[PDB]
Amino acid sequence: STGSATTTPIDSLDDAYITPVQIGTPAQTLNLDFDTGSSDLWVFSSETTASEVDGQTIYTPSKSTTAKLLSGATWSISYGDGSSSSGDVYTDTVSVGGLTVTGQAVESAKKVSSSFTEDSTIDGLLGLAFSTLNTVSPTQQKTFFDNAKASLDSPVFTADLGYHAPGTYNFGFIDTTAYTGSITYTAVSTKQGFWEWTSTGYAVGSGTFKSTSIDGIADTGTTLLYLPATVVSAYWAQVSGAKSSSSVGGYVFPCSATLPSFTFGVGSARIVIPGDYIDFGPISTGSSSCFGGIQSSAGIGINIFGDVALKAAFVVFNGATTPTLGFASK
């Protein structure tokens, strides 16, 4: 089997991407944030505290003939941005782009933090990291991908995120028309539960490539590219007037600037992030200070190849017995 679903930016900045997902019988379609940095499939629901729902579409398990309470199971998750959610668990049929999993754990939110409530476009998350990170207790649950894997033509999914445009998540096949040149594969460590890999270095603009190992995670659920302070300083030093602002929470630059590209290494291959991808616009409406899309990972504890980086590539998440990651230009 295979699946193929279009993923769409939630706003003009590509802050996140939503993908329609069919849950239950008859289908209830919710728009979920596919997150390769976490491992819970959770949804706004008929159980979510009413004051914490503001425009989201909710899953109502009582209206699904295939929903079953997973008795005694609870979940609670905190994300890197400080947001959080928790609740109880149903099993139900879940389909993505024509690919169906029966008995999927669908984590129903009883509580969500402010950032979730305030984002009316995101009806929940669909985790695509390794199932070892799943938060369901006392019986940990599998991700949608883990459940689908045995039925898939090939044990893979791909992320093809657009810049200011829709893109695609495919399950079970590699669309050879969706990228240019060849795919370069690189080793993954699952030790921390993430799609963790080591970039071979970077370049700023037309500068020389610096060969250096950068361990980080491929995380579709993080907007920006978070890298070591040395790397980030080298990038922003090439933008006149750019500076790190403690008050704003990172590097800012004059909105009048033209940003250089940023290249990262994948083995001997090179992925180029155009300068425009690194512009996250005014820090507040009407400001002439713009927020940067490359930020320091210092104090996160991990480097994160988020959407800024991933959207510059066609990315293969190979979930074979020995997992790997592939990157191609597109």
# chains A, B, ... in the order shown; residues from 1 in each chain; ligands from 1

$ select_by_dssp --residues "stretch 37-166 of chain A" --states "strand (DSSP E)" --output "JSON, numbers by chain"
{"A": [41, 42, 43, 68, 69, 70, 71, 72, 73, 74, 75, 76, 77, 78, 84, 85, 86, 87, 88, 89, 90, 91, 92, 93, 94, 95, 96, 99, 100, 101, 102, 103, 104, 105, 106, 107, 108, 109, 110, 111, 112, 124, 125, 126, 127, 156, 157, 158, 159, 160]}

$ write_last_selection --atoms "N, CA and C atoms" --output "tab-separated table (two decimals), in the first residue's frame"
chain	number	residue	atom	x	y	z
A	41	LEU	N	0.04	11.01	18.14
A	41	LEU	CA	-1.02	11.49	17.27
A	41	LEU	C	-2.11	11.95	18.22
A	42	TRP	N	-2.25	13.25	18.40
A	42	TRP	CA	-3.25	13.80	19.30
A	42	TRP	C	-4.09	14.83	18.58
A	43	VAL	N	-5.33	14.95	19.04
A	43	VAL	CA	-6.32	15.79	18.40
A	43	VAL	C	-7.13	16.59	19.40
A	68	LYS	N	-12.87	3.10	19.97
A	68	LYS	CA	-12.94	2.37	21.23
A	68	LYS	C	-12.03	3.03	22.24
A	69	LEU	N	-12.53	3.28	23.44
A	69	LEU	CA	-11.70	3.80	24.50
A	69	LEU	C	-10.57	2.81	24.77
A	70	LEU	N	-9.35	3.31	24.87
A	70	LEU	CA	-8.22	2.50	25.30
A	70	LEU	C	-8.16	2.65	26.82
A	71	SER	N	-8.82	1.72	27.50
A	71	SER	CA	-9.14	1.91	28.90
A	71	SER	C	-7.90	2.07	29.77
A	72	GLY	N	-7.88	3.14	30.57
A	72	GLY	CA	-6.80	3.41	31.49
A	72	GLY	C	-5.63	4.18	30.93
A	73	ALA	N	-5.59	4.36	29.62
A	73	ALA	CA	-4.45	5.01	28.98
A	73	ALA	C	-4.58	6.53	29.06
A	74	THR	N	-3.49	7.18	29.42
A	74	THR	CA	-3.43	8.64	29.41
A	74	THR	C	-2.15	9.06	28.70
A	75	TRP	N	-2.07	10.34	28.35
A	75	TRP	CA	-0.90	10.86	27.67
A	75	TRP	C	-0.69	12.31	28.10
A	76	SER	N	0.54	12.76	27.99
A	76	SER	CA	0.90	14.12	28.36
A	76	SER	C	2.23	14.42	27.70
A	77	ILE	N	2.27	15.52	26.96
A	77	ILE	CA	3.45	15.84	26.17
A	77	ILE	C	3.80	17.30	26.33
A	78	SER	N	5.10	17.57	26.33
A	78	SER	CA	5.62	18.92	26.33
A	78	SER	C	6.57	19.04	25.15
A	84	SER	N	2.21	22.37	25.31
A	84	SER	CA	1.89	21.08	25.91
A	84	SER	C	0.43	20.73	25.70
A	85	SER	N	0.12	19.46	25.90
A	85	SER	CA	-1.24	18.95	25.80
A	85	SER	C	-1.29	17.60	26.50
A	86	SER	N	-2.49	17.17	26.88
A	86	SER	CA	-2.67	15.91	27.59
A	86	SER	C	-4.11	15.45	27.49
A	87	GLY	N	-4.33	14.17	27.78
A	87	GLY	CA	-5.68	13.64	27.77
A	87	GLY	C	-5.72	12.13	27.88
A	88	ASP	N	-6.74	11.55	27.25
A	88	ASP	CA	-6.92	10.09	27.25
A	88	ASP	C	-6.86	9.59	25.80
A	89	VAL	N	-7.18	8.31	25.58
A	89	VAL	CA	-6.82	7.66	24.32
A	89	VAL	C	-7.93	6.77	23.80
A	90	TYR	N	-8.18	6.87	22.50
A	90	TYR	CA	-9.08	5.98	21.78
A	90	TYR	C	-8.25	5.25	20.75
A	91	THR	N	-8.72	4.08	20.32
A	91	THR	CA	-8.23	3.53	19.07
A	91	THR	C	-9.30	3.75	18.01
A	92	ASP	N	-8.86	4.00	16.79
A	92	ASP	CA	-9.80	4.21	15.70
A	92	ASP	C	-9.07	4.01	14.39
A	93	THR	N	-9.83	4.02	13.30
A	93	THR	CA	-9.27	3.94	11.96
A	93	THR	C	-8.80	5.31	11.52
A	94	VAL	N	-7.58	5.38	11.02
A	94	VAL	CA	-6.97	6.63	10.59
A	94	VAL	C	-6.44	6.45	9.19
A	95	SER	N	-6.78	7.37	8.30
A	95	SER	CA	-6.29	7.32	6.93
A	95	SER	C	-5.61	8.63	6.54
A	96	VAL	N	-4.49	8.50	5.85
A	96	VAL	CA	-3.71	9.62	5.34
A	96	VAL	C	-3.50	9.39	3.86
A	99	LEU	N	-4.03	5.91	2.59
A	99	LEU	CA	-3.41	4.83	3.36
A	99	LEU	C	-4.12	4.71	4.69
A	100	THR	N	-4.65	3.53	4.98
A	100	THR	CA	-5.47	3.32	6.16
A	100	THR	C	-4.78	2.42	7.19
A	101	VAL	N	-4.79	2.86	8.44
A	101	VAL	CA	-4.39	2.07	9.59
A	101	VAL	C	-5.60	1.84	10.48
A	102	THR	N	-5.89	0.59	10.81
A	102	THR	CA	-6.90	0.29	11.81
A	102	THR	C	-6.23	0.15	13.17
A	103	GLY	N	-6.97	0.47	14.23
A	103	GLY	CA	-6.45	0.34	15.57
A	103	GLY	C	-5.39	1.36	15.94
A	104	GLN	N	-5.35	2.50	15.26
A	104	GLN	CA	-4.39	3.55	15.59
A	104	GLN	C	-4.76	4.22	16.91
A	105	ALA	N	-3.77	4.44	17.77
A	105	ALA	CA	-4.02	5.25	18.96
A	105	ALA	C	-4.21	6.71	18.58
A	106	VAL	N	-5.40	7.21	18.90
A	106	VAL	CA	-5.79	8.60	18.68
A	106	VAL	C	-5.92	9.22	20.06
A	107	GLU	N	-5.00	10.11	20.38
A	107	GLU	CA	-4.90	10.69	21.71
A	107	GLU	C	-5.79	11.92	21.76
A	108	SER	N	-6.83	11.84	22.58
A	108	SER	CA	-7.82	12.88	22.68
A	108	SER	C	-7.42	13.90	23.73
A	109	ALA	N	-7.30	15.16	23.35
A	109	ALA	CA	-6.87	16.18	24.30
A	109	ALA	C	-8.00	16.57	25.24
A	110	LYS	N	-7.69	16.53	26.52
A	110	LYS	CA	-8.54	17.15	27.53
A	110	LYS	C	-8.07	18.58	27.79
A	111	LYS	N	-6.77	18.80	27.66
A	111	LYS	CA	-6.16	20.11	27.91
A	111	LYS	C	-5.11	20.38	26.86
A	112	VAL	N	-5.05	21.63	26.42
A	112	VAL	CA	-4.00	22.09	25.52
A	112	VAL	C	-3.51	23.44	26.03
A	124	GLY	N	-4.46	19.30	15.60
A	124	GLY	CA	-3.70	18.31	16.35
A	124	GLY	C	-2.40	18.02	15.65
A	125	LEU	N	-1.66	17.05	16.19
A	125	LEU	CA	-0.36	16.66	15.67
A	125	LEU	C	-0.38	15.19	15.29
A	126	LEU	N	0.40	14.84	14.28
A	126	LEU	CA	0.64	13.45	13.92
A	126	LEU	C	2.14	13.21	13.97
A	127	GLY	N	2.58	12.50	15.01
A	127	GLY	CA	3.99	12.28	15.25
A	127	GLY	C	4.58	11.23	14.32
A	156	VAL	N	9.04	3.52	4.09
A	156	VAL	CA	9.54	4.87	3.98
A	156	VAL	C	8.39	5.85	3.99
A	157	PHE	N	8.69	7.09	4.37
A	157	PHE	CA	7.81	8.20	4.02
A	157	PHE	C	8.73	9.33	3.56
A	158	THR	N	8.17	10.26	2.80
A	158	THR	CA	8.93	11.38	2.30
A	158	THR	C	8.23	12.69	2.63
A	159	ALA	N	9.04	13.71	2.90
A	159	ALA	CA	8.56	15.06	3.14
A	159	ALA	C	9.06	15.96	2.03
A	160	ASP	N	8.13	16.64	1.37
A	160	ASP	CA	8.43	17.55	0.27
A	160	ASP	C	7.67	18.84	0.57

$ select_by_dssp --residues "stretch 167-284 of chain A" --states "alpha helix (DSSP H)" --output "list in words"
residues 229, 230, 231, 232, 233, 234, 235 and 236 of chain A

$ closest_residue --among "A:136, A:308, A:218, A:165" --to "residue A:277" --atoms "only C-alpha atoms"
A:308

$ residues_around --residues "residue A:16" --least-positions-apart "6" --cutoff "10 Å" --atoms "only C-alpha atoms" --output "list in words"
residues 7, 8, 9, 10, 33, 34, 35, 121, 122, 161, 220, 221, 222, 223, 224 and 307 of chain A

$ residues_around --residues "stretch 170-185 of chain A" --least-positions-apart "5" --cutoff "9 Å" --atoms "only C-alpha atoms" --output "PyMOL selection string"
chain A and resi 1-6+96-97+99+145+148-149+151-160+266-269+313-316+324-330

$ residues_around --residues "residue A:65" --least-positions-apart "4" --cutoff "8 Å" --atoms "only C-alpha atoms" --output "list in words"
residues 24, 25 and 26 of chain A
